[PDB]
Amino acid sequence: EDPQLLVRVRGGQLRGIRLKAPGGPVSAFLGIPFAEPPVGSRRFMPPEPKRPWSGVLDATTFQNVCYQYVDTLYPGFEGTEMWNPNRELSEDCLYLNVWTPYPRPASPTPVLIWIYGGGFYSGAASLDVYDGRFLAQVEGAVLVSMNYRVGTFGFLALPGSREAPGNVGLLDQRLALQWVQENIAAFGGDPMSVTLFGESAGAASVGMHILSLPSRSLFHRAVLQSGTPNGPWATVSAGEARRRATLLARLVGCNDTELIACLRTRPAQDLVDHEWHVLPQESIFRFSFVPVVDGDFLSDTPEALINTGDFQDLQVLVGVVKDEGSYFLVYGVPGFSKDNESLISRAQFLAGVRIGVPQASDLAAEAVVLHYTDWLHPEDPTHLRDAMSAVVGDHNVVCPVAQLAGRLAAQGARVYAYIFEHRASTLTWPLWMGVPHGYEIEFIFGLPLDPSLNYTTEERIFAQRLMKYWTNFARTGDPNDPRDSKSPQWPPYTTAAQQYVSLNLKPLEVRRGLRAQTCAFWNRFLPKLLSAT
Amino acid sequence: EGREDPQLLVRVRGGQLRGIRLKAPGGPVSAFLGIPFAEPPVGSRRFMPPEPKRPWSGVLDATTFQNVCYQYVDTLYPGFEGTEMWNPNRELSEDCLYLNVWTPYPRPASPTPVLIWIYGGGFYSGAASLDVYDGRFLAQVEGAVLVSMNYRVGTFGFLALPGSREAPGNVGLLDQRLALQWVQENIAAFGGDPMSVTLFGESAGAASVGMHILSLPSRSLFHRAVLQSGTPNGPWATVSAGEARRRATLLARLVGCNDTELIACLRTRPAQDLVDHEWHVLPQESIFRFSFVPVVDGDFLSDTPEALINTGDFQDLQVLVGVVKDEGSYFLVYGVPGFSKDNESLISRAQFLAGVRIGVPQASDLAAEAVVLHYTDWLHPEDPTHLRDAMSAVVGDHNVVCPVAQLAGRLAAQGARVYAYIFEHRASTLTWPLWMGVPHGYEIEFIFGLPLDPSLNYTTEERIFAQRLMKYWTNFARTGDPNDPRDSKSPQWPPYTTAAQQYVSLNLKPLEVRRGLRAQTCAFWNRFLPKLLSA
Ligand SMILES: CCN1CCN(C2CCN(C(=O)COc3ccc(-c4ccccc4)cc3)CC2)CC1
Ligand SMILES: CCN1CCN(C2CCN(C(=O)COc3ccc(-c4ccccc4)cc3)CC2)CC1
């Protein structure tokens with residue numbers, strides 16, 4: 001009976017488990033409930049705080065994954081399976097996990113809260129790549145991660161209605177944040193030093209907590225990895241949210257009250273089965289149910305809020321991987337596949353752009369094609385394929401990120417920017433995809449320190465650097481070592497110098513302008529093109 | 001006769017000529033200057049097509065340059081070499097349709113290739129008698145026969161009331177053609193080969209050449225062509241009949257004037273009256289825009305140049321084309337606020353936006369912003385030096401480089417053999433400020449070989465450079481290949497193809513082959529922006 005593995009939170013007692021990490025043991029408390037199960041009548045509803053419990057609750061295993069669509073494009077393929085649920089699915093899923101060093105921290109410790117991604121339709125805190133044992137052991141951090149409702153269960157909304165107000169998936173996150181404030185001190189964590197970090201839909205979520213005032217009192221620093229609250233995919237309007245909900249209802253056999261009633265009486269899979277068939281266009285990087293501009297959680301559009309927000313005492317770390325768009329091409333764009341080199345014609349390229357940019361008018365689409373064409377080699381299938389990836393990557397991530405970083409820096413925020421350019425030696429996706437969306441994560445969480453995963457010895461050294469950057473940023477709001485000299489230093493991103501760094505096997509290198517001319521095209525011109533048409 | 005130089009006496013279809021023996025650095029040449037090739041386009045013949053010169057009696061003196069065609073004269077920088085060198089160096093008059101001939105002294109044994117120069121000047125100015133068009137160097141050093149003609153400019157050359165009898169338009173181009181016909185009939189008398197005639201010209205002259213390529217009756221008067229910093233396609237080289245009709249009618253009103261009655265009244269006006277008003281009819285505040293230019297009349301030009309270059313067959317055509325490095329800089333000091341030759345012309349972003357509207361006068365607010373955003377340096381969007389050099393590039397790319405790029409592209413794709421160059425050497429003798437780099441028209445003095453004249457204070461390297469280019473141009477006229485067959489040691493100048501898009505740098509250093517002429521940027525101007533003005 002290890003007293004290190006025993007903790008009293010406000011809801012009662014927990015029994016953690018001692019886990020072996022390469023450099024030593026860590027105390028893990030997995031599967032802690034922070035909310036009443038959002039089941040039956042609580043479907044589509046805001047989460048309620050967990051009722052106290054008797055005795056000692058067993059917090060030694062990962063709990064269920066929020067009911068969600070499971071990918072099927074490449075059954076058995078490791079590259080896809082690493083993102084699929086690794087526990088049983090259930091609407092009863094609102095549990096969070098906690099890692100601390102072993103022994104428990106003597107002094108109050110910085111808290112890292114991970115918010116996973118998955119297009120707001122998938123994901124789980126129990127995936128191996130989110131294993132928080134390495135950060136807790138090496139950097140002496142307290143890591144926290146929560147499940148939150150995805151898909152219809154988390155973001156289906158009939159705006160203005162009482163029984164489906166929307167954004168409950170975000171409120172799931174917010175409640176887990178409140179839990180950390182109220183309870184993390186018992187784990188040796190410092191609630192006055194909470195750093196949110198997430199990836200993809202997770203990064204966008206972190207961003208929405210930045211833009212929602214009630215959330216702001218629950219953290220001190222933020223990290224957005226390859227995702228933003230602004231951009232074409234992270235949010236929908238109230239009108240469009242109301243449209244998709246009513247269509248899904250129709251697709252399953254269903255006054256707002258009475259319509260949501262019928263949906264509550266439907267097996268979880270019946271909703272998921274029709275989840276993807278409510279999208280207005282054929283598209284990639286588009287997600288049926290996502291956060292909504294409701295005037296509540298989001299008082300206005302993210303664009304509006306980032307444009308007029310005071311970010312005076314905020315510190316943020318943002319970045320992208322080298323190939324943000326490649327992953328999405330094999331999931332809808334004809335000509336692409338993980339199994340060949342996906343060399344495409346110029347014709348396929350024009351077609352894919354209508355899919356990568358479902359919003360674009362004919363003129364706007366052609367403007368994209370003409371901008372991304374290599375007029376020295378306009379027919380070269382390699383360039384066209386690599387260009388199709390860039391259109392998607394830049395439209396959906398890089399330039400949304402560049403825009404956000406610009407607005408934040410300009411309006412008083414402290415900003416550090418990176419680009420991640422190392423491809424894992426263990427990667428199973430083809431070489432033409434390069435460094436796909438999501439594959440910085442395993443390095444930040446320090447999995448290469450696990451010798452069994454067959455990572456190269458250089459990657460282990462690389463992973464330790466990144467863990468240092470992230471945790472130094474968590475401790476201080478500055479990823480730079482307060483002990484290291486020549487390197488050189490990671491400088492703040494500013495609207496003037498626009499400096500960012502490259503994260504790879506080679507030392508930090510400072511560059512300037514994050515695809516500036518291309519993002520000028522996406523962020524300044526094309527909007528004018530659909531604001532006149 | 002009796003005591004004249006027997007090499008300086010020559011007969012042509014219209015009578016006898018007395019040429020003059022001229023000194024060049026390397027020896028003598030024969031010059032026959034001021035040869036009339038048309039009846040004076042005066043009185044009732046104003047705005048009318050040229051009638052061939054009626055034969056004369058006796059020996060016409062052909063030893064000095066004749067009158068310069070009536071035209072506006074630059075007054076922006078009085079007493080400044082940079083402007084004076086382009087200004088008329090003879091008397092202005094409507095009686096101006098004469099041409100000039102240089103030949104080796106003595107005239108050559110076998111018939112020699114003929115070069116015909118067509119001067120530029122925005123179709124509103126120019127003269128074949130300018131020092132920079134001196135054909136004595138090409139004749140002496142390369143053994144070439146060099147011809148240059150005066151052609152009517154401004155209203156006298158291009159004012160059109162399309163469909164009318166008394167003002168059909170393009171008469172300025174018909175002057176050029178008549179001179180080409182004159183060469184076909186008479187140049188043999190000078191030892192020139194009428195079967196090997198190469199046209200070459202700059203700016204509005206290069207455009208003119210392109211028009212002769214695209215006009216059938218002219219195609220039988222030459223065999224090869226060179227276009228320097230100009231094209232018949234593009235925004236300034238032509239106008240619609242409707243537009244020409246409007247500009248003509250407006251000018252009439254501005255001086256106090258049924259097409260017949262209107263033209264008749266214009267013919268009663270002093271020549272200076274017309275010049276004093278021709279600039280006041282431009283639809284906008286603009287640079288690199290000229291009031292009276294070739295019109296698409298459906299006659300000389302059966303259709304728009306863009307149309308004809310896109311559909312025409314050019315298999316049997318060989319053409320040499322190119323640009324200078326800073327095509328647009330010259331034009332900024334002539335109407336973009338913030339620019340001058342006497343300061344560094346560092347401008348603000350606001351002035352850049354304003355300049356774009358003047359340099360792209362036919363653009364919407366959207367089109368204009370697209371230009372600005374395309375040409376902005378987003379790492380330094382406020383940097384005045386980058387904004388200044390961007391304004392030059394916008395004007396340069398829109399008016400010359402991308403029209404030339406389009407032209408080379410279409411011609412190569414449709415059978416033509418195309419050679420492409422960029423000229424990057426700034427004359428050490430240049431009096432324009434350094435920020436202008438290599439401006440519009442300052443390759444010419446090197447092509448004509450002026451550096452070979454020791455009294456002009458060029459560097460020795462420039463003298464070798466000039467000789468090298470004279471070889472390129474004359475080799476091309478001689479063979480349809482600027483390369484020297486004898487010399488394979490030197491780097492070759494490859495034809496421009498759609499595939500490789502090869503072209504050469506022309507400077508003090510040896511030939512360097514590059515690929516794509518503003519490929520990305522010209523995709524913007526030639527593919528995107530047109531389809532933006534389709535909305
Ligand atoms: C956290 C990092 N993650 C996020 C994204 N990554 C992949 C997974 C799936 N993606 C899609 O766009 C799904 O598209 C579709 C489209 C259609 C259907 C479908 C639905 C019903 C019937 C048939 C097909 C399913 C998925 C993006 C790329 C994996 C790693
Ligand atoms: C053969 C190579 N050439 C071609 C062009 N080069 C210069 C000369 C003048 N340019 C103009 O656009 C004139 O503009 C204007 C605008 C307005 C007025 C004006 C008219 C009436 C009253 C006041 C001003 C005059 C000229 C272009 C750049 C010189 C060498």
# chains A, B, ... in the order shown; residues from 1 in each chain; ligands from 1
>>> interface_residues(of="chain B", to="chain A", cutoff="10 Å", atoms="only C-alpha atoms", output="PyMOL selection string")
chain B and resi 366+369-370+373-381+498-501+515-524+527-529+531-532+534-535
>>> write_last_selection(atoms="N, CA, C and O atoms", output="compact mmCIF listing (two decimals), in the first residue's frame")
# COMPACT_ATOMS: atom_id res chain seq x y z
N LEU B 366 -10.04 46.02 -57.07
CA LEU B 366 -9.64 44.65 -56.76
C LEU B 366 -8.38 44.28 -57.53
O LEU B 366 -7.40 43.81 -56.95
N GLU B 369 -5.34 46.04 -56.11
CA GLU B 369 -4.87 45.48 -54.85
C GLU B 369 -4.12 44.17 -55.11
O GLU B 369 -3.10 43.90 -54.48
N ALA B 370 -4.64 43.36 -56.03
CA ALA B 370 -3.98 42.12 -56.42
C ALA B 370 -2.55 42.40 -56.88
O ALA B 370 -1.63 41.63 -56.57
N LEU B 373 -0.54 43.50 -53.66
CA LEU B 373 -0.28 42.38 -52.78
C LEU B 373 0.73 41.43 -53.41
O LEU B 373 1.58 40.86 -52.71
N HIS B 374 0.67 41.26 -54.73
CA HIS B 374 1.63 40.41 -55.42
C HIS B 374 3.05 40.97 -55.33
O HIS B 374 4.01 40.22 -55.20
N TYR B 375 3.16 42.30 -55.41
CA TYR B 375 4.47 42.95 -55.48
C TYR B 375 5.00 43.42 -54.13
O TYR B 375 6.11 43.96 -54.05
N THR B 376 4.23 43.23 -53.07
CA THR B 376 4.65 43.62 -51.73
C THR B 376 5.71 42.66 -51.19
O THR B 376 5.60 41.44 -51.36
N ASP B 377 6.72 43.23 -50.54
CA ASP B 377 7.68 42.46 -49.77
C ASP B 377 7.21 42.38 -48.32
O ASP B 377 7.37 43.33 -47.56
N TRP B 378 6.63 41.25 -47.93
CA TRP B 378 5.93 41.15 -46.65
C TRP B 378 6.85 41.05 -45.44
O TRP B 378 6.40 41.18 -44.31
N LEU B 379 8.14 40.83 -45.68
CA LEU B 379 9.13 40.95 -44.62
C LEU B 379 9.49 42.42 -44.38
O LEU B 379 10.00 42.77 -43.31
N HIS B 380 9.24 43.27 -45.37
CA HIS B 380 9.51 44.70 -45.26
C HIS B 380 8.51 45.53 -46.08
O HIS B 380 8.91 46.28 -46.97
N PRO B 381 7.21 45.40 -45.77
CA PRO B 381 6.18 46.04 -46.61
C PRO B 381 6.23 47.57 -46.58
O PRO B 381 5.60 48.21 -47.42
N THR B 498 9.25 26.44 -75.23
CA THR B 498 8.23 26.37 -74.19
C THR B 498 8.66 25.38 -73.12
O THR B 498 8.39 25.57 -71.93
N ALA B 499 9.34 24.33 -73.55
CA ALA B 499 9.82 23.29 -72.65
C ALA B 499 10.82 23.83 -71.63
O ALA B 499 10.57 23.80 -70.43
N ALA B 500 11.96 24.32 -72.12
CA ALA B 500 13.05 24.74 -71.24
C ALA B 500 13.00 26.22 -70.90
O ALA B 500 13.47 26.64 -69.85
N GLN B 501 12.43 27.02 -71.80
CA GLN B 501 12.29 28.46 -71.59
C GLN B 501 13.65 29.11 -71.38
O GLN B 501 13.82 29.98 -70.52
N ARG B 515 16.67 30.26 -67.15
CA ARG B 515 15.40 29.65 -67.52
C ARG B 515 14.20 30.40 -66.95
O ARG B 515 14.19 30.78 -65.78
N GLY B 516 13.19 30.59 -67.79
CA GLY B 516 11.98 31.30 -67.41
C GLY B 516 12.21 32.79 -67.26
O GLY B 516 13.02 33.21 -66.43
N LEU B 517 11.51 33.59 -68.06
CA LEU B 517 11.57 35.04 -67.90
C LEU B 517 10.36 35.48 -67.09
O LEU B 517 9.23 35.46 -67.58
N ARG B 518 10.62 35.86 -65.84
CA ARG B 518 9.58 36.23 -64.88
C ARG B 518 8.40 35.27 -64.95
O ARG B 518 7.24 35.70 -64.98
N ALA B 519 8.69 33.97 -64.98
CA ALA B 519 7.67 32.95 -65.20
C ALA B 519 6.49 33.09 -64.23
O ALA B 519 5.34 33.13 -64.66
N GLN B 520 6.78 33.17 -62.93
CA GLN B 520 5.73 33.28 -61.92
C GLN B 520 4.95 34.59 -62.07
O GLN B 520 3.73 34.59 -62.19
N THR B 521 5.68 35.71 -62.05
CA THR B 521 5.06 37.03 -62.13
C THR B 521 4.26 37.22 -63.42
O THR B 521 3.22 37.87 -63.41
N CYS B 522 4.73 36.67 -64.53
CA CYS B 522 4.04 36.89 -65.80
C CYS B 522 2.82 35.98 -65.91
O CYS B 522 1.91 36.25 -66.69
N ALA B 523 2.79 34.92 -65.12
CA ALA B 523 1.58 34.13 -64.99
C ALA B 523 0.49 34.99 -64.36
O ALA B 523 -0.68 34.91 -64.74
N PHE B 524 0.87 35.83 -63.41
CA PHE B 524 -0.07 36.75 -62.78
C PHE B 524 -0.66 37.72 -63.80
O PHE B 524 -1.88 37.85 -63.91
N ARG B 527 -2.19 35.44 -67.22
CA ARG B 527 -3.22 34.42 -67.03
C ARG B 527 -4.29 34.85 -66.04
O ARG B 527 -5.48 34.70 -66.31
N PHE B 528 -3.89 35.38 -64.89
CA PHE B 528 -4.85 35.69 -63.84
C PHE B 528 -5.60 36.99 -64.09
O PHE B 528 -6.82 36.98 -64.26
N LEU B 529 -4.88 38.11 -64.13
CA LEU B 529 -5.51 39.44 -64.18
C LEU B 529 -6.54 39.62 -65.30
O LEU B 529 -7.55 40.30 -65.10
N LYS B 531 -8.60 37.42 -66.40
CA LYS B 531 -9.81 36.73 -65.96
C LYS B 531 -10.38 37.37 -64.69
O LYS B 531 -11.42 36.94 -64.19
N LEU B 532 -9.70 38.39 -64.18
CA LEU B 532 -10.21 39.18 -63.07
C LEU B 532 -10.97 40.39 -63.61
O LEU B 532 -11.91 40.88 -62.99
N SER B 534 -12.59 39.98 -66.17
CA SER B 534 -13.77 39.29 -66.69
C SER B 534 -14.74 39.09 -65.53
O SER B 534 -15.49 38.11 -65.48
N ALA B 535 -14.72 40.03 -64.58
CA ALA B 535 -15.57 39.98 -63.40
C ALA B 535 -15.57 41.31 -62.65
O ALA B 535 -14.99 42.29 -63.12
>>> select_by_dssp(residues="range 47-215 of chain B", states="strand (DSSP E or B)", output="ChimeraX atom specification")
/B:52,59-61,63,68-69,92-93,98-104,112-118,145-149,192-202
>>> atom_distance(atom1="CA of residue 311 in chain A", atom2="CA of residue 217 in chain A")
13.5 Å
>>> residues_around(residues="range 327-337 of chain A", least_positions_apart="4", cutoff="8 Å", atoms="only C-alpha atoms", output="VMD selection string")
chain A and resid 73 283 to 285 341 to 344 348 352 355 388 to 389 392 433 436 to 437
>>> write_last_selection(atoms="C-alpha atoms", output="JSON list (two decimals), in the first residue's frame")
[["chain", "number", "residue", "atom", "x", "y", "z"],
["A", 73, "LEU", "CA", -9.34, 3.49, -44.69],
["A", 283, "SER", "CA", -14.21, 18.09, -49.04],
["A", 284, "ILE", "CA", -11.19, 17.19, -46.94],
["A", 285, "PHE", "CA", -10.22, 18.83, -43.65],
["A", 341, "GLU", "CA", 3.81, 7.89, -55.04],
["A", 342, "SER", "CA", 0.51, 9.63, -55.80],
["A", 343, "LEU", "CA", 1.94, 11.34, -58.89],
["A", 344, "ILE", "CA", -0.99, 13.35, -60.29],
["A", 348, "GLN", "CA", -6.40, 16.04, -61.03],
["A", 352, "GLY", "CA", -8.47, 18.45, -55.88],
["A", 355, "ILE", "CA", -12.12, 19.60, -52.76],
["A", 388, "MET", "CA", -1.80, 19.80, -53.72],
["A", 389, "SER", "CA", -0.46, 19.01, -50.24],
["A", 392, "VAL", "CA", -4.44, 21.99, -48.12],
["A", 433, "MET", "CA", 3.90, 12.71, -47.35],
["A", 436, "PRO", "CA", 2.55, 14.64, -41.82],
["A", 437, "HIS", "CA", 0.03, 16.33, -39.56]]
>>> residues_near_ligand(ligand="ligand 1", cutoff="10 Å", atoms="only C-alpha atoms and all ligand atoms", output="PyMOL selection string")
chain A and resi 69-73+79-84+116-124+198-202+226+272-277+279+282-288+325-332+436-439+441
